[PDB]
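Read the single chain below, which is given as structure tokens and is the form deposited in one PDB entry.
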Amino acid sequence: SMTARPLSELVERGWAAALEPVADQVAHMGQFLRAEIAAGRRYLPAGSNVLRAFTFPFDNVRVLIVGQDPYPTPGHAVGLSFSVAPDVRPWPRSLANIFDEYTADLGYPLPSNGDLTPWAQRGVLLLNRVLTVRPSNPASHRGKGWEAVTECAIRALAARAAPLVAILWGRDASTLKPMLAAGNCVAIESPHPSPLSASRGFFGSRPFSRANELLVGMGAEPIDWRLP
């Protein structure tokens, strides 16, 4: 529980230090979620998955992907942005669009399922600007306190003595751009992959190959994006 236990228990070691400026805020978010339940509203993903992106090592991140907020359908969000459990079908529409672009950009076959954990295990941070949502109500937790947490995460990533490429999908994600100003960091911005915006510039954006060209130009290893 975010309300009950400290960052050193909840997230990976580098992340616990990176998020120290927002320790109280994370506890505050736990209190917010408690209040939602007391009031008769639910949230997604499950409490134990809310901070899941911060359970993969901070020092190993080479690419950051940021979306808006979690999937609003119960059974979809898993605490890694855009990912679903390997048994979920059909795929949510944002994910189908991401995979469409993945095939077009990289030439790989469509993935077997919607599980993006391989990316997380290979140094891709799968973040959302806001880390919870009320079921069936996209953007319902906007402005409730998560933004300070994800702002802190990005600042910390940008301050590392390491290369970083950011991929910012959509308007809420794009508000992290000022913080990404650092010489060791470069940002790709595009419209969100949702059907609401994908045709404004998500399709054809080639984020995966662009990220790898940027990494190699900073002397970093490219991401192996291939999913099974």
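Just so we're on the same page, rigid core means the largest C-alpha set that superposes within 1.5 Å between forms. Only residues modelled in both forms are compared. Residue numbers here begin at 1 and follow the sequence given.
**Student:** Report the stretch with the higher mean CA temperature factor, choosing between 191-199 and 64-72 on the basis of the entry.
**Tutor:** Comparing 191-199 with 64-72, the higher average CA B-factor belongs to 191-199.
**Student:** Looking only at CA atoms, which has the higher mean B factor in the entry: 177-185 or 163-171?
**Tutor:** The stretch with the larger mean CA B-factor is 177-185.
**Student:** Reading the B-factor column of the entry, which of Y108, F99, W119, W146 has the highest value at its C-alpha atom?
**Tutor:** In the PDB entry, the greatest C-alpha B-factor among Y108, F99, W119, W146 is found at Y108.
**Student:** Could you tell me which one of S81, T150, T132, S112 shows the highest CA temperature factor in the PDB record?
**Tutor:** That would be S112, according to the entry.
**Student:** Sorting the chain's CA B-factors, does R206 end up in the lowest, middle or highest third?
**Tutor:** CA B-factor rank for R206: lowest third.
**Student:** Of the three thirds of its chain by CA temperature factor, lowest, middle or highest, which one includes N128?
**Tutor:** Lowest third - that is where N128 ends up once the chain's C-alpha B-factors are sorted.
**Student:** C-alpha B factor of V22, ranked within the chain: lowest, middle or highest third?
**Tutor:** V22: CA B-factor falls in the lowest third of its chain.
**Student:** Would you please rank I37 by its C-alpha temperature factor against the other modelled residues of its chain and give the third it falls in: lowest, middle or highest?
**Tutor:** It falls in the middle third of the chain.
**Student:** Place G30 in the lowest, middle or highest third of its chain's C-alpha B-factors, as listed in the PDB entry.
**Tutor:** Ranked within chain, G30 CA B lands in the middle tercile.
Below, we turn to the form deposited in another entry, even though it does not appear here.
**Student:** Considering only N60, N49, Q68, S194, single out the residue whose C-alpha is displaced by at least 2 Å between the shown form and the other one after superposing the rigid core.
**Tutor:** The one that shifts is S194.
**Student:** So, does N184 move by 2 Å or more at the CA between the shown form and the other one, with the core held fixed?
**Tutor:** Shift of 2 Å or more: yes.
**Student:** Verify the C-alpha shift of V165 between the shown form and the other one: is it 2 Å or more after superposing the core?
**Tutor:** No; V165 is a residue whose C-alpha shifts by less than 2 Å between the shown form and the other one when the cores are overlaid.
**Student:** Distance change of 3 Å or more between the C-alpha atoms of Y71 and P193 in the other form: closer or farther compared with this structure?
**Tutor:** Relative to this form, farther apart in the other form.
**Student:** Work out the direction of the Cα-Cα change for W119 and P195 in the other form: closer or farther than in this form? It's 3 angstroms or more.
**Tutor:** Pair moves closer in the other form.
**Student:** So which segments really shift between the shown form and the other one, if a segment has to be 3 or more residues long and each C-alpha must move 2 Å or more after the rigid core fit?
**Tutor:** 170-174, 182-200 are the stretches that shift between the shown form and the other one.
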